[PDB]
Amino acid sequence: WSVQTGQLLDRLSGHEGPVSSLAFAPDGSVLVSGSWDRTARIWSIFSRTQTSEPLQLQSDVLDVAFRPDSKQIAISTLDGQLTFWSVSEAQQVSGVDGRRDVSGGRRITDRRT
Amino acid sequence: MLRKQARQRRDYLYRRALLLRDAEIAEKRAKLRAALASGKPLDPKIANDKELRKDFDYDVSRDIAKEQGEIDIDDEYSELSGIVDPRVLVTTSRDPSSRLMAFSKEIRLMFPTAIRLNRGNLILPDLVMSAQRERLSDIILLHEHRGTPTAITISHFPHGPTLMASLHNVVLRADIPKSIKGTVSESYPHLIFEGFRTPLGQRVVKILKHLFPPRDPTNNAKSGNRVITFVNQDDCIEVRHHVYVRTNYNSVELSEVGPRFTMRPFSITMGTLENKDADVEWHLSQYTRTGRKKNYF
Amino acid sequence: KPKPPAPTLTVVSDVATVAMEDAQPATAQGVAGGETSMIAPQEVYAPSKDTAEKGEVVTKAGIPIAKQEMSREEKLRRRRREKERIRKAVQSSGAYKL
Amino acid sequence: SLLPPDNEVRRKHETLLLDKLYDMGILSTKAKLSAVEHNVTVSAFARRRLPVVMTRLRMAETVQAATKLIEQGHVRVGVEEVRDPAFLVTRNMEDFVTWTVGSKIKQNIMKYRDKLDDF
RNA sequence: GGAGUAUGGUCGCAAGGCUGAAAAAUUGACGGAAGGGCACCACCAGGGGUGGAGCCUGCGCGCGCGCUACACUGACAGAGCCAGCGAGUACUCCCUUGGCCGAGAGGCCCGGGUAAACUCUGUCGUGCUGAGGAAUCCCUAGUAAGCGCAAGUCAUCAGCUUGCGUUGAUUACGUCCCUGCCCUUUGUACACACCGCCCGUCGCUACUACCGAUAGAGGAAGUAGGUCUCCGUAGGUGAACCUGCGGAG
RNA sequence: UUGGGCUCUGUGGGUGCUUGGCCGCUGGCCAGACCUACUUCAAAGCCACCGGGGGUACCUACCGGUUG
């Protein structure tokens, strides 16, 4: 939606599942979506084509982030790993599998170890 | 997504069979309600089915509101009828030919919110997938024979009904040199329909006229430059595309600008393009005794 | 699905942002914080036809002009502008022969 | 129903109750108040709990054994795991409630259907 | 008998021609200037058809649309190595010389008319053994194009339609300059922020007056602030007590 | 490395920051002891969750009366 007038602008679409977490690149060039359709999705909106580039992942997305230097995205998916991409050359450049690096558990009525 | 569309579409089918039972009921319920206002006596079974009377006392308001036209019926169109703009893509057959591709360009132009698409090397199941991942109103095919289009195939997506029709008597846009023809206006055309008098006629008009954008309702009868017509006789619906200027409150001039079709619809399925295992709704019955005598539409 | 939006009205006052906040021994806000009125100059006043003077009319700019001090040319053009917006919305043979 | 049939607020809340319960799945139609009356039932609630609806989607053979699974915790909803075996699966979530990440169950399925990705 | 429902037949009306084919408007009719948004029917980079010759469905001798041919991206011999869709007790291109066994109708037998591609190895070398003008029309990602394989679905379609797979590029991916098309100049939400009365020719309306025929329709124009306590009083229903007045704290 | 191994089954500390056991507790007791006395004056009120529509003769709650 447009802030300055309020009436709806554009239903972006393309997503094989609900869209899970969203953010703008801090310059404002890029909208980034992550959805549970295993996929993260570069929406360039304010260009004259309102284009889309896919990014296939391994599983569902959970959270997105940008770098203040607006070249890099960090998406945190469901296996638990982080995957770090550079936006322009849409290539993955880094990854961290942090499952044991975060597991702390054993709740009440949590009958797994 | 995919489990979701399977979920909803089957729920539509099952709710139809539900509507069958309950409308068989409401037939009886109708006669009760009329009698109360009328005081005319009634059928004694209706007078003495007890669950029916109590259920009347609950379910009055649906009947009277439907009499009012207060609601539109449950429908694969009624969910989003005049709310949001239907975007529509037109695709050719697998390996298109050039004159066909030009004619498809013509009917893309006639619609106002369309895209064409080069079909190329694309499995038609995955073209349905592209649909249900871009939330289209409508897919549309074209099949030529030899430079001349023969059949179109409207589907309503996400899961709706499909028309499939032959074409005949076609003229292109591209038999006329551009010195006489020209770029045609992408204004939201009006629609008119003549002679659809079956409930099946209203089915086919429903699947047609939910293609086009919603008109704005304030001055629509006054404004507007462009009018699309569907008229039908001998179950061969003929459709033209005209543009007009109003020279008087008593006089007007028309110009004919689209392609001229006659199509005769030969398959209407509550069921999309891939699903050949779906429930057809009316097919064109030659080969029978009086498939030539009777008409639908 | 939540509900259709039912239109709801809610009134605000003339008193300040500090009156909007909750209760605590200090205002956090600065010193220029506090003299702002929670509403806008538009809210307290805008010139309009509905508050116009008698012989005079307001402009779309919101400027006061008298119809008497008005010129005829501007009169014609403002009539045109208003209309533009509007459109956007048996006898004697003696008498007979003679 | 006691409200006279011709009223606006009656019409609005007929539609509201019906479509809301329908999106809670406990019904089967959305046009019949008599169906709300002598149809809406705690049994239908229970058949929209979680283990019953995972038998209906065919996660597991019998709803007992389904309870055993989701108590061990292989059964995810959305993106969370679920322990509470009364997590009432509304109709928008029946399409989503699926298997969890590191599950011996999911790997068993992939074993039988022969794609067993070790990655 | 009653209540419905149909169905047909009867009856009455509708069913008497100053007549002889080819408006509404306080809201309307039509522009114009500026500003935005868009589009392989716009610009720009390229690509690719058709249009040259032969074949023919189609459409109206003309016309394209598909198929074929046309040489360096060659020809011959090997070697190797890859698809996807298809299962109705169902499937055949002939039609013919002879002969067999067939009193006759036939059946025989012999004659005549799970892929291309791609890679590698080696042999020879432009040799009627010539890739299509002006025009026009189409195309921006598994797309142009190439390559085969299958099916043959109640409309169309074997002079072909439609599928599935295979290999897979260049080139813009921006800009409203040309062409256009649409939309602003009204509304439909308020904070900061900004903008600041678009323009033309007529219509319709109210009024004003003018002109000229017979009070009268016409013609032609403009305008739109003394409380509390106490006391002395007069009255009340009297001890008290209340009211009102007048004085002190 | 002059027996090895699986599996089962007990006990003991741990798996949360270390102040003793008990009782009629300002003391005593862990062998326990004394065992029943003493008294001026009943009370303040409220609330206090059973699934829905439905009937209500009898029981009950309430509310209004009636004789004694």
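Residue numbers (the deposited numbering), protein chains in the order written: chain UA, 453 to 565; chain CK, 1 to 297; chain CL, 639 to 727, 777 to 785; chain CJ, 62 to 180.
Virtual Cβ for every residue (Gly too), placed ideally from N, Cα, C.
What does the Cβ neighbour count give for residue i, buried or exposed, with the cut at 16 atoms within 10 Å?
{"i": "residue 71(CK)", "result": "exposed"}
{"i": "residue 121(CK)", "result": "exposed"}
{"i": "residue 173(CK)", "result": "buried"}
{"i": "residue 527(UA)", "result": "buried"}
{"i": "residue 144(CK)", "result": "buried"}
{"i": "residue 457(UA)", "result": "exposed"}
{"i": "residue 279(CK)", "result": "exposed"}
{"i": "residue 114(CK)", "result": "buried"}
{"i": "residue 93(CJ)", "result": "buried"}
{"i": "residue 36(CK)", "result": "exposed"}
{"i": "residue 670(CL)", "result": "exposed"}
{"i": "residue 87(CJ)", "result": "buried"}
{"i": "residue 535(UA)", "result": "buried"}
{"i": "residue 492(UA)", "result": "buried"}
{"i": "residue 521(UA)", "result": "exposed"}
{"i": "residue 485(UA)", "result": "buried"}
Candidates the options: which alpha carbon is nearest residue i's?
{"i": "residue 90(CJ)", "options": "20(CK), 33(CK), 29(CK), 216(CK)", "result": "20(CK)"}
{"i": "residue 124(CJ)", "options": "140(CJ), 107(CJ), 139(CJ), 138(CJ)", "result": "107(CJ)"}
{"i": "residue 72(CJ)", "options": "65(CK), 23(CK), 124(CK)", "result": "65(CK)"}
{"i": "residue 299(CK)", "options": "140(CK), 40(CK), 147(CK)", "result": "Residue numbering for chain CK in the displayed model covers 1 to 297; residue 299(CK) lies beyond these limits and cannot be assessed."}
{"i": "residue 100(CK)", "options": "43(CK), 80(CK), 152(CK), 190(CK)", "result": "152(CK)"}
{"i": "residue 164(CK)", "options": "208(CK), 251(CK), 247(CK), 131(CK)", "result": "208(CK)"}
{"i": "residue 548(UA)", "options": "562(UA), 542(UA), 530(UA), 564(UA)", "result": "530(UA)"}
{"i": "residue 23(CK)", "options": "74(CK), 10(CK), 188(CK)", "result": "74(CK)"}
{"i": "residue 97(CK)", "options": "285(CK), 126(CK), 62(CK), 142(CK)", "result": "142(CK)"}
Is there a C-beta anywhere in chain UA that falls below 8 Å from the one on residue i?
{"i": "residue 135(CK)", "result": "yes"}
{"i": "residue 132(CJ)", "result": "yes"}
{"i": "residue 140(CJ)", "result": "yes"}
{"i": "residue 164(CK)", "result": "no"}
{"i": "residue 101(CK)", "result": "no"}
Can you confirm whether residue i, when its beta carbon is compared against all beta carbons of chain CJ, has any partner nearer than 8 Å?
{"i": "residue 493(UA)", "result": "no"}
{"i": "residue 31(CK)", "result": "no"}
{"i": "residue 57(CK)", "result": "yes"}
{"i": "residue 235(CK)", "result": "no"}
{"i": "residue 70(CK)", "result": "yes"}
{"i": "residue 530(UA)", "result": "yes"}
{"i": "residue 563(UA)", "result": "yes"}
{"i": "residue 22(CK)", "result": "yes"}
{"i": "residue 17(CK)", "result": "no"}
{"i": "residue 294(CK)", "result": "no"}
{"i": "residue 53(CK)", "result": "no"}
{"i": "residue 9(CK)", "result": "no"}
For residue i and chain CK, any beta-carbon pair shorter than 8 Å?
{"i": "residue 454(UA)", "result": "no"}
{"i": "residue 146(CJ)", "result": "no"}
{"i": "residue 549(UA)", "result": "no"}
{"i": "residue 80(CJ)", "result": "no"}
{"i": "residue 489(UA)", "result": "yes"}
{"i": "residue 37(CJ)", "result": "The structure shown has nothing for residue 37(CJ), since chain CJ only spans 62 to 180."}
{"i": "residue 72(CJ)", "result": "yes"}
Across which residues does DSSP place residue i in a beta bridge pair?
{"i": "residue 232(CK)", "result": "237(CK)"}
{"i": "residue 138(CJ)", "result": "141(CJ)"}
{"i": "residue 190(CK)", "result": "227(CK)"}
{"i": "residue 144(CK)", "result": "149(CK)"}
{"i": "residue 543(UA)", "result": "538(UA)"}
{"i": "residue 156(CK)", "result": "138(CK)"}
{"i": "residue 702(CL)", "result": "696(CL)"}
Legend entry - Interface positions of the segment 24 to 51 of chain CK facing chain CJ (Cβ-Cβ less than 7 Å), listed along the chain: Cβ contacts with chain CJ come from no residue of the segment 24 to 51 of chain CK.
Inset, instruction - Check each residue of the segment 87 to 111 of chain CJ: if its Cβ is closer than 9 Å to any Cβ of chain CK, include it; give the result in chain order. - result: Only those residues of the segment 87 to 111 of chain CJ whose C-beta falls short of 9 Å from the nearest C-beta of chain CK are listed: 89, 90, 91, 92, 93, 94, 95, 96, 97, 98, 99.
Inset, instruction - Anything in the segment 69 to 97 of chain CK with a Cβ closer than 9 Å to a Cβ of chain CJ? List those residues in chain order, please. - result: Of all residues in the segment 69 to 97 of chain CK, the ones placed with a Cβ closer than 9 Å to any Cβ belonging to chain CJ are 70, 71, 74, in chain order.
Inset, instruction - Pull out every residue of the segment 464 to 487 of chain UA whose Cβ sits closer than 8 Å to any Cβ of chain CK, in chain order. - result: Going along the segment 464 to 487 of chain UA in chain order, one finds 465, 466, 467, 468, 469 with a Cβ nearer than 8 Å to chain CK.
Inset, instruction - Taking a Cβ distance cut-off of 9 Å, strictly less, list which residues of the segment 150 to 173 of chain CJ are near chain UA, in chain order. - result: Here the close residues are 157, 162, 163.
Inset, instruction - Using a Cβ-Cβ cut-off of less than 7 Å, give me the residues of the segment 500 to 525 of chain UA that come near chain CJ, in sequence order. - result: Listed by position, the residues of the segment 500 to 525 of chain UA near chain CJ (Cβ gap below 7 Å) are 512, 514.
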